[PDB]
Structures are given as C-alpha cells and as structure tokens.
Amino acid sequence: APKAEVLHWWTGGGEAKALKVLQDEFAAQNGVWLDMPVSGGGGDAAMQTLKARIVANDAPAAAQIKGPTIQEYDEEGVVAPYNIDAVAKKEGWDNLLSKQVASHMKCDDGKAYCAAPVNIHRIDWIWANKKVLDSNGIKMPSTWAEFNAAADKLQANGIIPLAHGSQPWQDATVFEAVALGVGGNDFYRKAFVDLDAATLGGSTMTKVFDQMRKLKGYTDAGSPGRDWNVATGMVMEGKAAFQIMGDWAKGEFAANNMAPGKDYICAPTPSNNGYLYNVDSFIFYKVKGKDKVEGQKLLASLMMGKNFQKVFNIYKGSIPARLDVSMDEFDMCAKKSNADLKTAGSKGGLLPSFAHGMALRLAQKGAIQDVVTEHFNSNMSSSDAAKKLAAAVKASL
C-alpha cells in the first residue's frame, strides 16, 4: 500500500479545505497519508521542524517547501535518488509548466525533478470589505496616496483601516508588496533578486520604509502576534476595511461564501505591471521502503493532475501551476491573477516573492524579515532601516 508522511502548514480554513482535495484523491488511490502539520503562517515554523527532522535522519516522505530551499536540501545530499523524475518525464511536466516554475522544481543542477508544484499564489493584493468602502464613500485605491487618504478617512470615522498581524513573515509580506509599487520592477529585482547593496540601502528603499511607517499607524492595538487568518476575518466581518496579503486570503473569503464584487473587492497593490509569485511545492526526500517510494510517485502524479489543480486552486485562492488548466470556473480575482501573470511576464514585472520563499534562501529571507519587523514595531527612521537592511543582507552573504 502506497504510504507518505506529509509535512505542511495547511492546518485550517481554506488551506485545509484545499488540502482535503489532495488527501481524498490520495486515499482513493489506496494511499496511506501520515499527516505532519506544523502550524505557522508563511511556513517559518514548518521550516524549523523540517530542518530538525532531516538533521535527525527522520526525513518525511514529502514536505511543503519553496524555491531555493529545494536546491539547498539537494546540496545536502538528502534528496536523491530522484524517484519522481521518472513520473515527471513520462507525464511531460516540462511542457506543462513555465520555464521558471520548472527550474524551481529541479535538483541535480537542473537535471531532475525532485518537487511537485500545486499552484501559483500572488502576494501583491489588497482585499477590502465592500460594505465598509461603500458606507464611507471610498473607491478602491490604486495608489499608496489614494490608500493613505482612504485610510485617514476610515480612521476618522472610527474604523480600523488595515487589518494586519505583526509577525516577521507577515510584516515582510506587506513590505515586499509595498516595495514593488513604491520602487518599481527593476528596483524590486535589484533589491530582492540581485541583492544589490546600493538599492537595498538607498533613497528608494527609504521611501519604502516611509510607506511602512504610514501603514503601521493604520493597524490596531491587537496586531502584535496576530495570525494572518484572524486579520482576514476582521475584513470579512467589516471590523476593518483592508488587508494587504497574498491570495490565500481569498481561500477564507470563498470558504465563507463571500464573492468578489458583492461582499469584497480584490485589487492588486500598486505596481507597474508587477506580480509577486509564490509556488507551493512538495519535495520528496530519500526515504526507506518501496511503499514510501510508491507513495511519493503517486503524490507527485496527483499534485500535477489537470482536474486536481482546477479544484484545489478554486478552494485555495491561487491559480494552477499547470499551464493547460481551464481558468473558466475561477472567480474574477483568480482570472485577474492569471491575466496579470501573463502581462507581468512580458514587461519584466513577474518577480519571485522573497517573503514566501521564492527569491532567496531562508538565511537571506530571515535577515530581511528581521529588519523589516524591527522597523515596523519601533520608531526607527526610514533611513536607518534601509542602512540596517543593506548591512544585514550583506552580512548574510
């Protein structure tokens, strides 16, 4: 009987509802799922539990993982042999995924698939409670200046403008979206892809921290330590106007029967045809036993299934990684995501989220998040923040 231990951080809400599609498909194929959930938004907690399980030679069969962390484990030598690469080849994953997604999924210097992608999340979203914006005569903002004007108006009317939880990854999520709009595509690429010292520490970055300082004043006293899905719930219930968060938030809206255009408004954060992508993927470790290897090969195949990725993503709030899945049954926000992905692609605006593990190894992600969260939760000047950011990145290299 095919078996797999699966380590992930999808422990409630729209996340669990989407995961259930995969768990149900696996059991239907007589697969035995050993659940290994590790609660913690953005997966930093999962990454700590995973790391300790590997260093202890107790690798799970499959683990939720992002981008360069895949290759980091590969370089450890804990992944090969690449038993799922045979699945990938037979099914022609190379013609079903974008060059960029495909490259993320490979081990052995780009030669063998060792992880399966299920989706593409987008980071650069604003979610708004529609009755709140209508009640206050506010149009969904398209610029930070429109957002700040709207936030002042809502605050003066006694409404929390921005529902947010201040945890390091969650502060970084807002930050990266802000950076893309305040600085632009090349700036974002230079800072978080190239790690250009001048760009990190310079005047455009200062302006990013200026906008972070504004956003802090729009949050509420319960923010520190708050989980992201609590913040989404605040918008859902009209206890706050806005949330700036990836489209896993749309998993919550959908799971509570709210619809874009009727109960809430989804609009990208300001950018110049930018798109910040995030691919949930599962790596398959070197594991002992033929039943576990059959588990891995079965999971890989299911995760890349055509119908699966349609259904999973409708619930999850993301769009399919698979290039040939019909977007037709998806909502307005997912279609905007798909469209903007194609549009950003051609303009050089399609960029990896760093806060969600696609741009950078965890060491570089950690270094940045820690400075961002320190600025956000203190009275640090924007200049000082940018100087500290550049230095922490530099020291992390």
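Residue numbers here begin at 1 and follow the sequence given.
If you take the mean CA temperature factor per stretch, which one wins between 68-76 and 161-169?
The stretch with the larger mean CA B-factor is 68-76.
Which has the higher mean CA temperature factor in the PDB entry, 245-253 or 186-194?
Averaged over C-alpha atoms, the B-factors run higher in 186-194.
Between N229, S203, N313, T269, which carries the biggest CA temperature factor in the record?
Answer for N229, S203, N313, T269: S203, with the highest C-alpha B-factor.
If I read the C-alpha B-factors straight from the PDB entry, which of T219, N119, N95, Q211 is highest?
The record points to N95.
Which third, lowest, middle or highest, does the C-alpha temperature factor of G348 belong to within its own chain?
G348: CA B-factor falls in the highest third of its chain.
Going by the entry, which third of its chain does the Cα temperature factor of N30 land in?
Top third by C-alpha B-factor.
Based on the deposited C-alpha B factors for this chain, I'd like to know if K335 is in the lowest, middle or highest third.
For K335, whose C-alpha B-factor we compare with every modelled residue in the chain, the answer is the highest third.
Test of reading the entry: by CA B factor among the chain's modelled residues, which third contains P224?
CA B-factor rank for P224: lowest third.
Against its chain's modelled residues, does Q369's Cα B factor rank lowest, middle or highest third?
It belongs to the lowest third of the chain when residues are ordered by C-alpha B-factor.
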